[PDB]
file protein_36.txt (compact mmCIF, N, CA and C atoms and all ligand atoms)
# COMPACT_ATOMS: atom_id res chain seq x y z
N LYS A 1 127.26 66.11 -39.89
CA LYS A 1 125.84 66.42 -39.53
C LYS A 1 124.89 65.33 -40.02
N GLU A 2 123.76 65.75 -40.58
CA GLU A 2 122.74 64.84 -41.10
C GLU A 2 123.19 64.11 -42.36
N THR A 3 122.50 63.01 -42.68
CA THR A 3 122.81 62.22 -43.87
C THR A 3 122.09 62.82 -45.08
N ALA A 4 122.44 62.34 -46.27
CA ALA A 4 121.82 62.81 -47.51
C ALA A 4 120.32 62.50 -47.50
N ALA A 5 119.97 61.34 -46.94
CA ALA A 5 118.58 60.92 -46.85
C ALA A 5 117.82 61.83 -45.90
N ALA A 6 118.45 62.15 -44.77
CA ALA A 6 117.85 63.03 -43.77
C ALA A 6 117.69 64.44 -44.33
N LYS A 7 118.69 64.89 -45.09
CA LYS A 7 118.67 66.22 -45.69
C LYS A 7 117.52 66.33 -46.68
N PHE A 8 117.26 65.25 -47.42
CA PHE A 8 116.16 65.24 -48.38
C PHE A 8 114.83 65.42 -47.66
N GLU A 9 114.64 64.69 -46.57
CA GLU A 9 113.41 64.79 -45.79
C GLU A 9 113.22 66.20 -45.24
N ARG A 10 114.30 66.80 -44.75
CA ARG A 10 114.24 68.15 -44.21
C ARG A 10 113.92 69.19 -45.28
N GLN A 11 114.58 69.08 -46.43
CA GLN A 11 114.37 70.04 -47.51
C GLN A 11 113.12 69.84 -48.35
N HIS A 12 112.66 68.60 -48.49
CA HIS A 12 111.52 68.34 -49.38
C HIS A 12 110.26 67.64 -48.87
N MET A 13 110.29 67.08 -47.67
CA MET A 13 109.11 66.39 -47.15
C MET A 13 108.23 67.21 -46.21
N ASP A 14 106.92 67.17 -46.44
CA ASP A 14 105.94 67.85 -45.59
C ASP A 14 104.59 67.15 -45.71
N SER A 15 104.52 65.96 -45.11
CA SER A 15 103.32 65.15 -45.13
C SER A 15 102.20 65.73 -44.26
N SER A 16 102.55 66.71 -43.42
CA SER A 16 101.57 67.36 -42.54
C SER A 16 100.56 68.17 -43.34
N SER A 18 98.25 69.16 -46.60
CA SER A 18 97.84 68.30 -47.71
C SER A 18 98.02 69.01 -49.04
N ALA A 19 97.81 70.32 -49.05
CA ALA A 19 97.94 71.13 -50.26
C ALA A 19 98.52 72.51 -49.97
N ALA A 20 99.06 72.67 -48.76
CA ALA A 20 99.66 73.94 -48.34
C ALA A 20 98.69 75.11 -48.45
N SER A 22 98.91 77.87 -47.30
CA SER A 22 98.48 79.24 -47.56
C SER A 22 99.51 79.98 -48.42
N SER A 23 99.22 81.24 -48.71
CA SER A 23 100.12 82.07 -49.51
C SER A 23 101.36 82.48 -48.70
N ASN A 24 101.37 82.11 -47.42
CA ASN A 24 102.49 82.42 -46.53
C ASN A 24 103.27 81.14 -46.21
N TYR A 25 102.83 80.03 -46.79
CA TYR A 25 103.45 78.72 -46.58
C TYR A 25 104.96 78.67 -46.80
N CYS A 26 105.41 79.07 -47.98
CA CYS A 26 106.84 79.05 -48.30
C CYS A 26 107.69 79.95 -47.42
N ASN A 27 107.17 81.13 -47.08
CA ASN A 27 107.89 82.07 -46.23
C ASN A 27 108.21 81.46 -44.87
N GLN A 28 107.24 80.72 -44.33
CA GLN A 28 107.39 80.08 -43.03
C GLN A 28 108.19 78.79 -43.11
N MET A 29 107.90 77.97 -44.12
CA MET A 29 108.57 76.68 -44.32
C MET A 29 110.04 76.77 -44.69
N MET A 30 110.37 77.65 -45.63
CA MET A 30 111.76 77.82 -46.06
C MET A 30 112.64 78.22 -44.88
N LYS A 31 112.07 78.99 -43.96
CA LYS A 31 112.80 79.43 -42.77
C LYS A 31 112.89 78.32 -41.73
N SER A 32 111.75 77.72 -41.39
CA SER A 32 111.70 76.65 -40.40
C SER A 32 112.52 75.41 -40.75
N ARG A 33 112.70 75.15 -42.05
CA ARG A 33 113.49 74.01 -42.49
C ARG A 33 114.95 74.40 -42.70
N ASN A 34 115.31 75.58 -42.20
CA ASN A 34 116.67 76.11 -42.28
C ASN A 34 117.21 76.24 -43.70
N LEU A 35 116.34 76.59 -44.64
CA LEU A 35 116.75 76.74 -46.04
C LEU A 35 117.12 78.19 -46.39
N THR A 36 117.15 79.04 -45.37
CA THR A 36 117.49 80.45 -45.55
C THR A 36 118.56 80.87 -44.54
N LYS A 37 119.45 79.94 -44.19
CA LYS A 37 120.52 80.20 -43.24
C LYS A 37 121.70 80.98 -43.82
N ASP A 38 122.36 80.40 -44.82
CA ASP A 38 123.51 81.04 -45.46
C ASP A 38 123.10 82.02 -46.55
N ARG A 39 121.98 81.73 -47.21
CA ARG A 39 121.46 82.57 -48.29
C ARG A 39 119.99 82.23 -48.49
N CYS A 40 119.33 82.95 -49.39
CA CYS A 40 117.93 82.67 -49.69
C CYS A 40 117.95 81.65 -50.83
N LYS A 41 117.58 80.41 -50.54
CA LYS A 41 117.55 79.38 -51.57
C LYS A 41 116.56 79.85 -52.64
N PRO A 42 117.03 80.04 -53.88
CA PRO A 42 116.22 80.50 -55.01
C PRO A 42 114.89 79.77 -55.19
N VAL A 43 114.95 78.45 -55.29
CA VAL A 43 113.76 77.63 -55.47
C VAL A 43 113.82 76.36 -54.64
N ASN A 44 112.64 75.81 -54.34
CA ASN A 44 112.54 74.58 -53.57
C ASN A 44 111.14 73.99 -53.75
N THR A 45 111.02 72.69 -53.51
CA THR A 45 109.75 72.01 -53.65
C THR A 45 109.49 71.11 -52.44
N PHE A 46 108.27 71.19 -51.92
CA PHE A 46 107.85 70.37 -50.79
C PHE A 46 106.81 69.39 -51.29
N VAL A 47 106.94 68.14 -50.87
CA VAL A 47 106.01 67.09 -51.28
C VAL A 47 105.05 66.76 -50.14
N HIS A 48 103.76 66.84 -50.45
CA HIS A 48 102.70 66.55 -49.48
C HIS A 48 102.15 65.15 -49.71
N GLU A 49 103.00 64.17 -49.47
CA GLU A 49 102.65 62.76 -49.61
C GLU A 49 103.39 62.08 -48.46
N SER A 50 102.99 60.86 -48.12
CA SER A 50 103.65 60.15 -47.02
C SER A 50 105.09 59.83 -47.40
N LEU A 51 105.93 59.65 -46.39
CA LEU A 51 107.33 59.31 -46.64
C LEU A 51 107.43 58.00 -47.42
N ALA A 52 106.56 57.04 -47.08
CA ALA A 52 106.55 55.74 -47.75
C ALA A 52 106.28 55.89 -49.24
N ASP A 53 105.33 56.75 -49.59
CA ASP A 53 104.98 56.98 -50.99
C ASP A 53 106.11 57.62 -51.78
N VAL A 54 106.84 58.53 -51.15
CA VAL A 54 107.96 59.18 -51.81
C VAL A 54 109.13 58.18 -51.91
N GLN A 55 109.35 57.41 -50.85
CA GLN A 55 110.44 56.43 -50.87
C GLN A 55 110.20 55.34 -51.93
N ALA A 56 108.94 55.05 -52.20
CA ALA A 56 108.56 54.04 -53.18
C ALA A 56 108.93 54.45 -54.60
N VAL A 57 109.13 55.75 -54.80
CA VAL A 57 109.49 56.27 -56.13
C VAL A 57 110.83 55.69 -56.59
N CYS A 58 111.68 55.29 -55.64
CA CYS A 58 112.98 54.72 -55.99
C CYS A 58 112.89 53.38 -56.71
N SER A 59 111.68 52.83 -56.79
CA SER A 59 111.45 51.57 -57.48
C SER A 59 110.50 51.78 -58.66
N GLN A 60 110.27 53.04 -59.02
CA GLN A 60 109.37 53.34 -60.11
C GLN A 60 110.05 53.59 -61.45
N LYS A 61 109.61 54.58 -62.22
CA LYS A 61 110.20 54.80 -63.55
C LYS A 61 111.61 55.38 -63.61
N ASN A 62 112.57 54.57 -64.04
CA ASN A 62 113.96 55.03 -64.13
C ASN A 62 114.10 56.02 -65.29
N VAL A 63 114.61 57.21 -64.99
CA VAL A 63 114.82 58.26 -65.98
C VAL A 63 116.17 58.94 -65.75
N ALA A 64 116.65 59.65 -66.76
CA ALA A 64 117.93 60.35 -66.62
C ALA A 64 117.81 61.58 -65.73
N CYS A 65 118.83 61.80 -64.90
CA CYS A 65 118.88 62.97 -64.03
C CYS A 65 119.30 64.16 -64.88
N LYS A 66 118.97 65.36 -64.42
CA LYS A 66 119.35 66.58 -65.13
C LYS A 66 120.86 66.70 -65.33
N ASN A 67 121.65 66.13 -64.42
CA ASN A 67 123.11 66.20 -64.54
C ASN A 67 123.73 65.05 -65.34
N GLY A 68 122.89 64.20 -65.93
CA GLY A 68 123.40 63.10 -66.73
C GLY A 68 123.52 61.76 -66.02
N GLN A 69 123.41 61.75 -64.69
CA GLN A 69 123.49 60.49 -63.96
C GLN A 69 122.22 59.68 -64.25
N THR A 70 122.28 58.37 -64.02
CA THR A 70 121.15 57.49 -64.33
C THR A 70 120.29 57.03 -63.16
N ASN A 71 120.57 57.53 -61.96
CA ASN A 71 119.84 57.11 -60.78
C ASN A 71 118.62 57.95 -60.40
N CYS A 72 117.90 58.46 -61.40
CA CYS A 72 116.69 59.24 -61.14
C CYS A 72 115.45 58.42 -61.43
N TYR A 73 114.38 58.71 -60.69
CA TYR A 73 113.13 57.98 -60.82
C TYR A 73 111.94 58.92 -60.81
N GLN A 74 111.01 58.66 -61.71
CA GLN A 74 109.80 59.47 -61.84
C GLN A 74 108.61 58.71 -61.28
N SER A 75 107.77 59.40 -60.51
CA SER A 75 106.60 58.78 -59.91
C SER A 75 105.57 58.41 -60.97
N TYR A 76 104.95 57.25 -60.80
CA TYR A 76 103.94 56.79 -61.76
C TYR A 76 102.67 57.62 -61.67
N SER A 77 102.38 58.13 -60.47
CA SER A 77 101.21 58.96 -60.27
C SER A 77 101.63 60.37 -59.89
N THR A 78 100.73 61.33 -60.07
CA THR A 78 101.04 62.71 -59.71
C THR A 78 101.01 62.79 -58.19
N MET A 79 101.69 63.79 -57.63
CA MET A 79 101.73 63.98 -56.19
C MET A 79 101.47 65.44 -55.87
N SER A 80 100.90 65.68 -54.69
CA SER A 80 100.62 67.03 -54.24
C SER A 80 101.95 67.65 -53.81
N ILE A 81 102.34 68.72 -54.49
CA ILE A 81 103.59 69.41 -54.19
C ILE A 81 103.40 70.93 -54.12
N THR A 82 104.33 71.60 -53.45
CA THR A 82 104.29 73.05 -53.33
C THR A 82 105.63 73.60 -53.79
N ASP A 83 105.59 74.45 -54.81
CA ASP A 83 106.79 75.07 -55.34
C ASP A 83 107.02 76.41 -54.66
N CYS A 84 108.25 76.62 -54.19
CA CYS A 84 108.62 77.87 -53.54
C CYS A 84 109.64 78.59 -54.40
N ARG A 85 109.28 79.78 -54.86
CA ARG A 85 110.16 80.57 -55.71
C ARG A 85 110.39 81.96 -55.12
N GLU A 86 111.66 82.32 -54.97
CA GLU A 86 112.04 83.61 -54.41
C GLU A 86 111.59 84.78 -55.28
N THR A 87 111.08 85.82 -54.64
CA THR A 87 110.61 87.01 -55.34
C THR A 87 111.77 87.98 -55.60
N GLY A 88 111.49 89.04 -56.34
CA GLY A 88 112.51 90.03 -56.64
C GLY A 88 112.77 90.93 -55.45
N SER A 89 111.70 91.28 -54.74
CA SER A 89 111.77 92.13 -53.56
C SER A 89 112.44 91.43 -52.38
N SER A 90 112.73 90.14 -52.56
CA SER A 90 113.36 89.34 -51.52
C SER A 90 114.86 89.61 -51.41
N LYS A 91 115.30 89.97 -50.21
CA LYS A 91 116.71 90.24 -49.95
C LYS A 91 117.09 89.70 -48.58
N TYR A 92 118.08 88.81 -48.56
CA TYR A 92 118.58 88.18 -47.34
C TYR A 92 118.96 89.24 -46.29
N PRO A 93 118.70 88.96 -45.00
CA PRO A 93 118.09 87.77 -44.40
C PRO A 93 116.56 87.73 -44.45
N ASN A 94 115.97 88.66 -45.19
CA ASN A 94 114.52 88.73 -45.33
C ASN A 94 114.13 88.11 -46.66
N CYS A 95 114.11 86.78 -46.70
CA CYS A 95 113.76 86.05 -47.91
C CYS A 95 112.25 85.95 -48.10
N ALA A 96 111.78 86.40 -49.26
CA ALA A 96 110.36 86.36 -49.59
C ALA A 96 110.13 85.33 -50.69
N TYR A 97 109.07 84.55 -50.56
CA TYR A 97 108.76 83.50 -51.53
C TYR A 97 107.32 83.50 -52.03
N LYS A 98 107.15 82.99 -53.24
CA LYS A 98 105.85 82.86 -53.89
C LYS A 98 105.44 81.40 -53.73
N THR A 99 104.31 81.16 -53.07
CA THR A 99 103.82 79.80 -52.86
C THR A 99 102.89 79.34 -53.98
N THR A 100 103.26 78.25 -54.64
CA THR A 100 102.46 77.69 -55.73
C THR A 100 102.20 76.20 -55.53
N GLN A 101 100.93 75.85 -55.33
CA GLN A 101 100.53 74.46 -55.13
C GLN A 101 100.24 73.81 -56.48
N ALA A 102 100.51 72.51 -56.58
CA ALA A 102 100.28 71.78 -57.82
C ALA A 102 100.22 70.27 -57.61
N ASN A 103 99.82 69.55 -58.65
CA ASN A 103 99.74 68.10 -58.64
C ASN A 103 100.50 67.62 -59.86
N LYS A 104 101.74 67.20 -59.64
CA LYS A 104 102.59 66.75 -60.73
C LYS A 104 103.43 65.54 -60.34
N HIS A 105 103.98 64.88 -61.35
CA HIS A 105 104.84 63.73 -61.13
C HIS A 105 106.16 64.29 -60.62
N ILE A 106 106.81 63.57 -59.71
CA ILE A 106 108.08 64.05 -59.19
C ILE A 106 109.21 63.16 -59.68
N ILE A 107 110.42 63.72 -59.72
CA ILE A 107 111.60 62.97 -60.14
C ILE A 107 112.65 63.16 -59.06
N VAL A 108 113.09 62.06 -58.47
CA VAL A 108 114.09 62.12 -57.42
C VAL A 108 115.25 61.19 -57.75
N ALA A 109 116.43 61.52 -57.22
CA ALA A 109 117.62 60.68 -57.41
C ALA A 109 117.70 59.84 -56.14
N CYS A 110 118.03 58.56 -56.28
CA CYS A 110 118.10 57.67 -55.12
C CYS A 110 119.49 57.07 -55.00
N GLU A 111 119.87 56.72 -53.77
CA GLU A 111 121.19 56.15 -53.52
C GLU A 111 121.18 55.39 -52.21
N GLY A 112 122.23 54.60 -52.01
CA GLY A 112 122.42 53.86 -50.78
C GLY A 112 121.70 52.55 -50.56
N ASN A 113 121.92 52.02 -49.36
CA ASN A 113 121.32 50.78 -48.91
C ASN A 113 120.86 51.07 -47.48
N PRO A 114 119.54 51.23 -47.27
CA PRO A 114 118.45 51.14 -48.25
C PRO A 114 118.50 52.22 -49.33
N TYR A 115 118.00 51.86 -50.51
CA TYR A 115 117.96 52.75 -51.66
C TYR A 115 116.84 53.76 -51.41
N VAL A 116 117.21 55.00 -51.09
CA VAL A 116 116.23 56.05 -50.77
C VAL A 116 116.51 57.38 -51.49
N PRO A 117 115.51 58.28 -51.53
CA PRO A 117 115.69 59.57 -52.20
C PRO A 117 116.73 60.45 -51.49
N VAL A 118 117.62 61.06 -52.26
CA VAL A 118 118.65 61.94 -51.71
C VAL A 118 118.71 63.30 -52.42
N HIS A 119 117.89 63.47 -53.45
CA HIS A 119 117.90 64.72 -54.20
C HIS A 119 116.59 64.86 -54.97
N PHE A 120 116.02 66.06 -54.96
CA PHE A 120 114.78 66.30 -55.71
C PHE A 120 115.25 66.89 -57.04
N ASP A 121 115.02 66.16 -58.12
CA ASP A 121 115.49 66.62 -59.42
C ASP A 121 114.55 67.54 -60.18
N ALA A 122 113.27 67.17 -60.22
CA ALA A 122 112.28 67.96 -60.94
C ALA A 122 110.86 67.47 -60.72
N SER A 123 109.92 68.23 -61.26
CA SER A 123 108.50 67.89 -61.18
C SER A 123 107.95 68.12 -62.59
N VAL A 124 107.27 67.12 -63.13
CA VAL A 124 106.72 67.20 -64.48
C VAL A 124 105.24 66.83 -64.60
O1 LIG A 201 101.92 87.50 -47.59
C1 LIG A 201 100.61 87.37 -47.03
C2 LIG A 201 99.79 86.26 -47.65
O2 LIG A 201 98.98 85.73 -46.56
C3 LIG A 201 99.29 86.46 -45.37
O3 LIG A 201 99.18 85.85 -44.11
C4 LIG A 201 100.45 85.92 -43.49
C5 LIG A 201 101.38 86.59 -44.40
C6 LIG A 201 100.69 86.94 -45.58
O1 LIG A 202 117.18 95.48 -54.40
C1 LIG A 202 115.91 96.13 -54.43
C2 LIG A 202 115.03 95.74 -55.61
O2 LIG A 202 113.67 95.78 -55.08
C3 LIG A 202 113.73 96.15 -53.70
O3 LIG A 202 112.74 95.71 -52.81
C4 LIG A 202 113.40 94.98 -51.79
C5 LIG A 202 114.83 94.98 -52.05
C6 LIG A 202 115.07 95.70 -53.25
call {"tool": "encode", "arguments": {"input": "protein_36.txt", "output": "structure tokens"}}
result
Amino acid sequence: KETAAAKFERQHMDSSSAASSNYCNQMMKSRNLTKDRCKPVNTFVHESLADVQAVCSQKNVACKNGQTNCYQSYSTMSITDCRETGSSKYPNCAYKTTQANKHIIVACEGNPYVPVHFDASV
């Protein structure tokens, strides 16, 4: 199917600015993140693809799994955190939409060196 780079864009990119309270419910579904199960948590970045791709040349930091290919953005970015509620039960996945402005940390790989995993937001 899709590549790791493409999967990252599908799961985490939404350049279309600060996200409603129904945002995650619609987005998690439209991006096919509720196909096999209700993905517990997810984060969407409201910045241009170029700006997110540029993070691969920014601050090198350790990944949560111990690998060394993670990078933290020098500036904060507009992001939306999606967290599954308790009343949420597949195939009816319910999410809590939370907007914020924080630095993002992504793992990069390949040639071209691009984001392939969203590690965290700090
Ligand atoms: O869960 C509530 C929050 O905002 C409403 O609009 C659509 C669905 C909704
Ligand atoms: O499993 C139970 C716990 O809370 C309910 O609401 C939706 C599904 C439910």
call {"tool": "residues_around", "arguments": {"input": "protein_36.txt", "residues": "residue 61 (chain A)", "least_positions_apart": "2", "cutoff": "6 Å", "atoms": "only N, CA and C atoms", "output": "PDB file with N, CA and C atoms, in the coordinates of the input"}}
result
ATOM      1  N   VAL A  57     109.130  55.750 -54.800  1.00  0.00           N
ATOM      2  CA  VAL A  57     109.490  56.270 -56.130  1.00  0.00           C
ATOM      3  C   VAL A  57     110.830  55.690 -56.590  1.00  0.00           C
ATOM      4  N   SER A  59     111.680  52.830 -56.790  1.00  0.00           N
ATOM      5  CA  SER A  59     111.450  51.570 -57.480  1.00  0.00           C
ATOM      6  C   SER A  59     110.500  51.780 -58.660  1.00  0.00           C
ATOM      7  N   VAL A  63     114.610  57.210 -64.990  1.00  0.00           N
ATOM      8  CA  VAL A  63     114.820  58.260 -65.980  1.00  0.00           C
ATOM      9  C   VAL A  63     116.170  58.940 -65.750  1.00  0.00           C
ATOM     10  N   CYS A  72     117.900  58.460 -61.400  1.00  0.00           N
ATOM     11  CA  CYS A  72     116.690  59.240 -61.140  1.00  0.00           C
ATOM     12  C   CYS A  72     115.450  58.420 -61.430  1.00  0.00           C
ATOM     13  N   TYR A  73     114.380  58.710 -60.690  1.00  0.00           N
ATOM     14  CA  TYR A  73     113.130  57.980 -60.820  1.00  0.00           C
ATOM     15  C   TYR A  73     111.940  58.920 -60.810  1.00  0.00           C
ATOM     16  N   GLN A  74     111.010  58.660 -61.710  1.00  0.00           N
ATOM     17  CA  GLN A  74     109.800  59.470 -61.840  1.00  0.00           C
ATOM     18  C   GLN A  74     108.610  58.710 -61.280  1.00  0.00           C
ATOM     19  N   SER A  75     107.770  59.400 -60.510  1.00  0.00           N
ATOM     20  CA  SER A  75     106.600  58.780 -59.910  1.00  0.00           C
ATOM     21  C   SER A  75     105.570  58.410 -60.970  1.00  0.00           C
ATOM     22  N   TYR A  76     104.950  57.250 -60.800  1.00  0.00           N
ATOM     23  CA  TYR A  76     103.940  56.790 -61.760  1.00  0.00           C
ATOM     24  C   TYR A  76     102.670  57.620 -61.670  1.00  0.00           C
TER      25      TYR A  76
END
call {"tool": "residues_near_ligand", "arguments": {"input": "protein_36.txt", "ligand": "ligand LIG 202 (chain A)", "cutoff": "6 Å", "atoms": "all atoms listed in the file", "output": "NGL selection string"}}
result
:A and (88-91)
call {"tool": "select_by_dssp", "arguments": {"input": "protein_36.txt", "residues": "chain A", "states": "helix (DSSP H, G or I)", "output": "count of residues only"}}
result
26
call {"tool": "select_by_dssp", "arguments": {"input": "protein_36.txt", "residues": "chain A", "states": "strand (DSSP E)", "output": "ChimeraX atom specification"}}
result
/A:43-47,61-63,72-74,79-86,97-104,106-111,116-123
call {"tool": "atom_distance", "arguments": {"input": "protein_36.txt", "atom1": "CA of residue 123 (chain A)", "atom2": "atom N of residue 104 (chain A)"}}
result
7.0 Å
call {"tool": "atom_distance", "arguments": {"input": "protein_36.txt", "atom1": "CA of residue 118 (chain A)", "atom2": "atom N of residue 6 (chain A)"}}
result
6.9 Å
call {"tool": "closest_residue", "arguments": {"input": "protein_36.txt", "among": "A:18, A:48, A:25, A:10", "to": "ligand LIG 201 (chain A)", "atoms": "all atoms listed in the file"}}
result
A:25
call {"tool": "atom_distance", "arguments": {"input": "protein_36.txt", "atom1": "CA of residue 82 (chain A)", "atom2": "CA of residue 23 (chain A)"}}
result
10.6 Å
call {"tool": "residues_near_ligand", "arguments": {"input": "protein_36.txt", "ligand": "ligand LIG 201 (chain A)", "cutoff": "12 Å", "atoms": "only C-alpha atoms and all ligand atoms", "output": "list in words"}}
result
residues 20, 22, 23, 24, 25, 26, 27, 28, 87, 95, 96, 97, 98 and 99 of chain A
call {"tool": "closest_residue", "arguments": {"input": "protein_36.txt", "among": "A:11, A:94, A:50, A:77", "to": "residue 35 (chain A)", "atoms": "only N, CA and C atoms"}}
result
A:11
call {"tool": "closest_residue", "arguments": {"input": "protein_36.txt", "among": "A:46, A:71, A:41, A:31", "to": "residue 12 (chain A)", "atoms": "all atoms listed in the file"}}
result
A:46
call {"tool": "build_atoms", "arguments": {"input": "protein_36.txt", "residues": "region 16-35 of chain A", "atoms": "N, CA, C and O atoms", "output": "PDB file, keeping the file's coordinate frame"}}
result
ATOM      1  N   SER A  16     102.550  66.710 -43.420  1.00  0.00           N
ATOM      2  CA  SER A  16     101.570  67.360 -42.540  1.00  0.00           C
ATOM      3  C   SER A  16     100.560  68.170 -43.340  1.00  0.00           C
ATOM      4  O   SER A  16      99.356  68.080 -43.111  1.00  0.00           O
ATOM      5  N   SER A  18      98.250  69.160 -46.600  1.00  0.00           N
ATOM      6  CA  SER A  18      97.840  68.300 -47.710  1.00  0.00           C
ATOM      7  C   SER A  18      98.020  69.010 -49.040  1.00  0.00           C
ATOM      8  O   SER A  18      98.349  68.380 -50.050  1.00  0.00           O
ATOM      9  N   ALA A  19      97.810  70.320 -49.050  1.00  0.00           N
ATOM     10  CA  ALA A  19      97.940  71.130 -50.260  1.00  0.00           C
ATOM     11  C   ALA A  19      98.520  72.510 -49.970  1.00  0.00           C
ATOM     12  O   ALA A  19      98.473  73.397 -50.821  1.00  0.00           O
ATOM     13  N   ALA A  20      99.060  72.670 -48.760  1.00  0.00           N
ATOM     14  CA  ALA A  20      99.660  73.940 -48.340  1.00  0.00           C
ATOM     15  C   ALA A  20      98.690  75.110 -48.450  1.00  0.00           C
ATOM     16  O   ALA A  20      98.790  75.939 -49.353  1.00  0.00           O
ATOM     17  N   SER A  22      98.910  77.870 -47.300  1.00  0.00           N
ATOM     18  CA  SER A  22      98.480  79.240 -47.560  1.00  0.00           C
ATOM     19  C   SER A  22      99.510  79.980 -48.420  1.00  0.00           C
ATOM     20  O   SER A  22     100.533  79.410 -48.796  1.00  0.00           O
ATOM     21  N   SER A  23      99.220  81.240 -48.710  1.00  0.00           N
ATOM     22  CA  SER A  23     100.120  82.070 -49.510  1.00  0.00           C
ATOM     23  C   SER A  23     101.360  82.480 -48.700  1.00  0.00           C
ATOM     24  O   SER A  23     102.272  83.115 -49.223  1.00  0.00           O
ATOM     25  N   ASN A  24     101.370  82.110 -47.420  1.00  0.00           N
ATOM     26  CA  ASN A  24     102.490  82.420 -46.530  1.00  0.00           C
ATOM     27  C   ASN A  24     103.270  81.140 -46.210  1.00  0.00           C
ATOM     28  O   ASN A  24     104.256  81.182 -45.474  1.00  0.00           O
ATOM     29  N   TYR A  25     102.830  80.030 -46.790  1.00  0.00           N
ATOM     30  CA  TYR A  25     103.450  78.720 -46.580  1.00  0.00           C
ATOM     31  C   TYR A  25     104.960  78.670 -46.800  1.00  0.00           C
ATOM     32  O   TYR A  25     105.703  78.270 -45.904  1.00  0.00           O
ATOM     33  N   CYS A  26     105.410  79.070 -47.980  1.00  0.00           N
ATOM     34  CA  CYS A  26     106.840  79.050 -48.300  1.00  0.00           C
ATOM     35  C   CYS A  26     107.690  79.950 -47.420  1.00  0.00           C
ATOM     36  O   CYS A  26     108.808  79.584 -47.054  1.00  0.00           O
ATOM     37  N   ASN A  27     107.170  81.130 -47.080  1.00  0.00           N
ATOM     38  CA  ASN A  27     107.890  82.070 -46.230  1.00  0.00           C
ATOM     39  C   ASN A  27     108.210  81.460 -44.870  1.00  0.00           C
ATOM     40  O   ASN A  27     109.298  81.638 -44.336  1.00  0.00           O
ATOM     41  N   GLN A  28     107.240  80.720 -44.330  1.00  0.00           N
ATOM     42  CA  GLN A  28     107.390  80.080 -43.030  1.00  0.00           C
ATOM     43  C   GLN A  28     108.190  78.790 -43.110  1.00  0.00           C
ATOM     44  O   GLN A  28     109.069  78.543 -42.284  1.00  0.00           O
ATOM     45  N   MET A  29     107.900  77.970 -44.120  1.00  0.00           N
ATOM     46  CA  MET A  29     108.570  76.680 -44.320  1.00  0.00           C
ATOM     47  C   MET A  29     110.040  76.770 -44.690  1.00  0.00           C
ATOM     48  O   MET A  29     110.867  76.038 -44.152  1.00  0.00           O
ATOM     49  N   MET A  30     110.370  77.650 -45.630  1.00  0.00           N
ATOM     50  CA  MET A  30     111.760  77.820 -46.060  1.00  0.00           C
ATOM     51  C   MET A  30     112.640  78.220 -44.880  1.00  0.00           C
ATOM     52  O   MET A  30     113.799  77.811 -44.795  1.00  0.00           O
ATOM     53  N   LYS A  31     112.070  78.990 -43.960  1.00  0.00           N
ATOM     54  CA  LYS A  31     112.800  79.430 -42.770  1.00  0.00           C
ATOM     55  C   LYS A  31     112.890  78.320 -41.730  1.00  0.00           C
ATOM     56  O   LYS A  31     113.985  77.994 -41.260  1.00  0.00           O
ATOM     57  N   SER A  32     111.750  77.720 -41.390  1.00  0.00           N
ATOM     58  CA  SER A  32     111.700  76.650 -40.400  1.00  0.00           C
ATOM     59  C   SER A  32     112.520  75.410 -40.750  1.00  0.00           C
ATOM     60  O   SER A  32     112.977  74.685 -39.860  1.00  0.00           O
ATOM     61  N   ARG A  33     112.700  75.150 -42.050  1.00  0.00           N
ATOM     62  CA  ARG A  33     113.490  74.010 -42.490  1.00  0.00           C
ATOM     63  C   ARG A  33     114.950  74.400 -42.700  1.00  0.00           C
ATOM     64  O   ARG A  33     115.719  73.652 -43.300  1.00  0.00           O
ATOM     65  N   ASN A  34     115.310  75.580 -42.200  1.00  0.00           N
ATOM     66  CA  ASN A  34     116.670  76.110 -42.280  1.00  0.00           C
ATOM     67  C   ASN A  34     117.210  76.240 -43.700  1.00  0.00           C
ATOM     68  O   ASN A  34     118.405  76.039 -43.939  1.00  0.00           O
ATOM     69  N   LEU A  35     116.340  76.590 -44.640  1.00  0.00           N
ATOM     70  CA  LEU A  35     116.750  76.740 -46.040  1.00  0.00           C
ATOM     71  C   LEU A  35     117.120  78.190 -46.390  1.00  0.00           C
ATOM     72  O   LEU A  35     117.369  78.511 -47.549  1.00  0.00           O
TER      73      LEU A  35
END
